[PDB]
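J.: The structure is given below, and queries will be raised subsequently.
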Amino acid sequence: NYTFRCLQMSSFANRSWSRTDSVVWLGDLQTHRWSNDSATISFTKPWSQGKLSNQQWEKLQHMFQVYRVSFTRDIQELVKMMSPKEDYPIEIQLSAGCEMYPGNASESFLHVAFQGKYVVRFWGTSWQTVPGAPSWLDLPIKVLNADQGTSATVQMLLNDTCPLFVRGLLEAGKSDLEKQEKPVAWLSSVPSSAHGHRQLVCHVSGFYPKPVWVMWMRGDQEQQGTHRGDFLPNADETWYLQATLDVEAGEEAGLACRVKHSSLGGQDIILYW
Amino acid sequence: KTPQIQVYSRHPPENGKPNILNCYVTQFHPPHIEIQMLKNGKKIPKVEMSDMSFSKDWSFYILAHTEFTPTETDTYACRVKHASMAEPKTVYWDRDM
Amino acid sequence: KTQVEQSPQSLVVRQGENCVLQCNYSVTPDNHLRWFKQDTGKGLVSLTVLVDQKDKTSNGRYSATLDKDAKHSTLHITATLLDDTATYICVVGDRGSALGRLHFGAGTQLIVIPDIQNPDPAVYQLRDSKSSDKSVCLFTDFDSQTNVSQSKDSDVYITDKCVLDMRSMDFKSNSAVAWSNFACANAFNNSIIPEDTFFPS
Amino acid sequence: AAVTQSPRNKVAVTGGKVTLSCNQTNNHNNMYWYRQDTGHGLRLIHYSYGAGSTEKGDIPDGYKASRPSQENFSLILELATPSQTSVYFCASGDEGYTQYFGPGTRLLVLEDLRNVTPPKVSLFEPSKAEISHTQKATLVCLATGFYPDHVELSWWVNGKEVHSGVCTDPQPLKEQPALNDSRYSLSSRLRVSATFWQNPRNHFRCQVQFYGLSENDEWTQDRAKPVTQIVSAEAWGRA
Ligand SMILES: CCCCCCCCCCCCCCCCCCCCCCCCCC(=O)N[C@@H](CO[C@H]1O[C@H](CO)[C@H](OCc2ccc(Cl)c(Cl)c2)[C@H](O)[C@H]1O)[C@H](O)[C@H](O)CCCCCCCCCCCCCC
Ligand SMILES: *[C@@H]1O[C@H](CO[C@@H]2O[C@@H](C)[C@@H](O)[C@@H](O)[C@@H]2O)[C@@H](O[C@@H]2O[C@H](CO)[C@@H](O)[C@H](O)[C@H]2NC(C)=O)[C@H](O)[C@H]1NC(C)=O
Ligand SMILES: *[C@@H]1O[C@H](CO)[C@@H](O[C@@H]2O[C@H](CO)[C@@H](O)[C@H](O)[C@H]2NC(C)=O)[C@H](O)[C@H]1NC(C)=O
Ligand SMILES: *[C@@H]1O[C@H](CO)[C@@H](O)[C@H](O)[C@H]1NC(C)=O
Ligand code: NA
Ligand code: NA
Ligand code: NA
Ligand code: NA
Ligand code: NA
Ligand code: NA
Ligand code: NA
Ligand code: NA
Ligand code: NA
């Protein structure tokens, strides 16, 4: 299952100044970028056009170009409309796309955040506020829902265009999406908060895809004190992760870090301290 | 929300061997931010930035990276200025961490 | 210069003839296009609104087309009547909501020349309601072929021709008025009037 | 969804204060002020999304907007200039795209009011010759000696306005075309059947509404203050 996400970030500093920047993800791989200073959407993969013809892509891009300008003015007008309830500066984020399931099934979404809080979605045939949203948004929703043309366009984009486009992306991008990159590991140590304690660190870098197993071990005994950090990105669309273990000074000898990853083909990495 | 900063190398660090240093800045808003990567407290030129994006929880993140050659003597850091902080926050690269 | 351009600027047609008015625009996006009729010194009357990519509408003798790809609309008037004399204005709305701005064309001026079936050109003298001495000269019931010239004499006043419509009788007539402080025989000498113009006495 | 404007016609002097008012009882949040000038489409001056809201349009300079209530939206010319001579339209609407337009207000800003003069109005009765020749009867109304040219001429039979059989000159003519501030004349015709004119129960009146000075305008000349007023002339039908 792959989630396609179009992420829009719009800053409105005051009545005059604004910028909108977008990035597009298929799973954890970036497929598009659209900078405020660019007239056109940028491909970040050879296969970012999917299976769309040039005419189909140009038409789709045109729709987005009209959208970006129209969106900017509409926010500025909505601020005037709700004045002086809401004032600049204002951040608006959109998360839109579709989740792809087997048997050509899919679910589409369009979520909107105002000042970093999820307040609005498109659902069915209309815009709606979500639980917890402030009541003043009811007027913007009324105004947005008066626009039958936008409603019809969004319905088509979410229901039809998104899944069709993404099906083609998955085909065109197969070899990148299914790439295997091997982890490399290395060990290190630092003093912890405790007085006479050490903190061993197993560094694991360069692996793709994300799923990985990393455990400190004394022989066949998995050390339960093992603490995985967060998954951190490398610049080359691989992943980095470190697993720590708080131990007593002197007890380092005997410990080893074992790494299991799909890319290694059963040949686990074992590093002895 | 106040930016978290994580500094890590792409490859196992070895003194005198070229490498890449990453600075990953997360969980901040609003998205306006200044990120500098430092060698011995001095701004490294030609630092590359990923496109800014945001997570499930709507908080922003971005990855800075630069070529670097670790040595015994040279220090490396990532310095972040954000409206959520009175002073810039600096996180030093520690190969052992 | 502007985002909405209309053509022709102006035209003159005879009663019963059809005509076509053009609107071309550069407005983006184009949610809908409306045609207004504006009578002289009066307000805006909506004739039709076009919304579809390739739209066609009708409203009695009015019909309209919209091609959003070419950004072009036409208004057709079938079998023009005197009352079609007006300015016709094209408006493009850039949103399907109140967030929209309207983009107005500068209009096309249409004049319809009425068809005078049974002319009876004549010059009559009319006397003032109060003072017996005051009078005007009324040149009436001439067809639209006839043209009324301004006076050579600076102290003789002559109006342009003017058509009235007696609706209950289905009767229209042209007229012009002349006065001074001068006889009605002399009043319209500077105009070429029909040979068989009736001068009573 | 109706919208009204007041005044419908106004003559003002440069440097004076003019307020154009728009009222709608549609409970519409949104109201809009435009001006229409020859050679141009309507142009947006100011608009409002509700009581207390005023927003600048495309050509706001020289105008202030005021939205004291949901019902009323005013356009204020603090220091009127001749460039503001125009026809002004107000519109309202709800969240939908439709704007419902008012009937328009005609504003003339003069440099000076010294030449402002109301009309004399005369009614000329139908020719016996026309009646015998056509079995029709044309009345002529003449408004003379007025300045400026902001007049509305209407016909009334037995106290009700008539439009059928009427035609009024499209614009007044100048009485002294050589002179700068020439006075104007305007004529109108009302044509009825001979039997209608011949009925002595029929009372005919030509009315000219003249737009001139207000009560508050200063007047330094000796002649009567040429205020906004109706001038009319009348006659009864007769055999
Ligand atoms: C999402 C799936 C995408 C899959 C495919 C693309 C993948 C490739 C990569 C894409 C990269 C681009 C990334 C972009 C970031 C993601 C953005 C997702 C949001 C998509 C929303 C698209 C909306 C498109 C429509 C639009 O531009 N509306 C524009 C323009 O609309 C006008 O022109 C339109 C031309 O088509 C129609 O007129 C013509 C018309 C007339 C009649 C008919 Cl019947 C029809 Cl069909 C068409 C319209 O009727 C007309 O009004 C309109 O201004 C919208 O209001 C714009 C904003 C919409 C989003 C609002 C979000 C909620 C904000 C809440 C704010 C509250 C804050 C208050 C202070
Ligand atoms: C598009 O599909 C929707 C229903 O799908 C949901 O909303 C979409 C925007 C997308 O997020 C999907 O993944 C969701 O599952 C249709 O909405 C229904 O429309 C009918 C009337 O047309 C109405 O009776 C239903 O209540 C709507 N459903 C809901 C849940 O509100 C919509 O009609 C589809 N439009 C087109 C043009 O195909
Ligand atoms: C983001 O992009 C928009 C669209 O190009 C910029 O808006 C333009 O700004 C220039 C002046 O810098 C104006 O001449 C244009 O008329 C604007 N375009 C539109 C469509 O209105 C905007 O300035 C950019 N933002 C930043 C901060 O650079
Ligand atoms: C609007 O905000 C921008 C960006 O913060 C700033 O540079 C500018 O001074 C502001 N403009 C005005 C007119 O206040
Ligand atoms: Na619409
Ligand atoms: Na024609
Ligand atoms: Na209509
Ligand atoms: Na609509
Ligand atoms: Na607007
Ligand atoms: Na125009
Ligand atoms: Na006579
Ligand atoms: Na005031
Ligand atoms: Na409106």
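We count from 1, first residue shown onward.
According to its header, the structure was obtained by X-ray crystallography, 1.9 Å.
For all residues, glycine too, the Cβ spot is worked out from N, Cα and C.
The PDB entry lists these features:
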type	residues	note
SEQADV	D:94-97	linker
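In case it's useful when we look at the structure, here is the feature table from Swiss-Prot:
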type	residues	note
DISULFID	D:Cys141-D:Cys206	disulfide bond
CARBOHYD	D:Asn180	N-linked glycosylation site
J.: As a quick check of your reading of DSSP, tell me how many residues in the linker (D:94-97) are helical, how many are strand and how many are coil.
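T.: DSSP composition of the linker (D:94-97): 0 helix, 0 strand, 4 coil.
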J.: Using all protein chains in view, find how many other C-beta atoms are within 10 Å of the C-beta of D:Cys206 (disulfide bond).
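T.: So the Cβ neighbour count for D:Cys206 (disulfide bond) comes to 27.
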J.: Near D:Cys141 (disulfide bond), which residues of its chain come within a Cβ-Cβ distance under 8 Å, counting only those 6 or more away in sequence?
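T.: In sequence order, the residues whose Cβ lies under 8 Å from that of D:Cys141 (disulfide bond) (at least 6 apart) are D:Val121, D:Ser122, D:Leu123, D:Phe124, D:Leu153, D:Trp155, D:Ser187, D:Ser188, D:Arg189, D:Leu190, D:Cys206, D:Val208, D:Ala233.
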J.: Inside 10 Å of the Cβ of D:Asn180 (N-linked glycosylation site), count up the other Cβ atoms and send me the figure.
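T.: Other Cβ atoms found within 10 Å: 6.
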J.: Given D:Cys141, D:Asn180, D:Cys206 as the recorded positions, which ones have a Cβ positioned under 6 Å from some atom of ligand 2?
T.: none
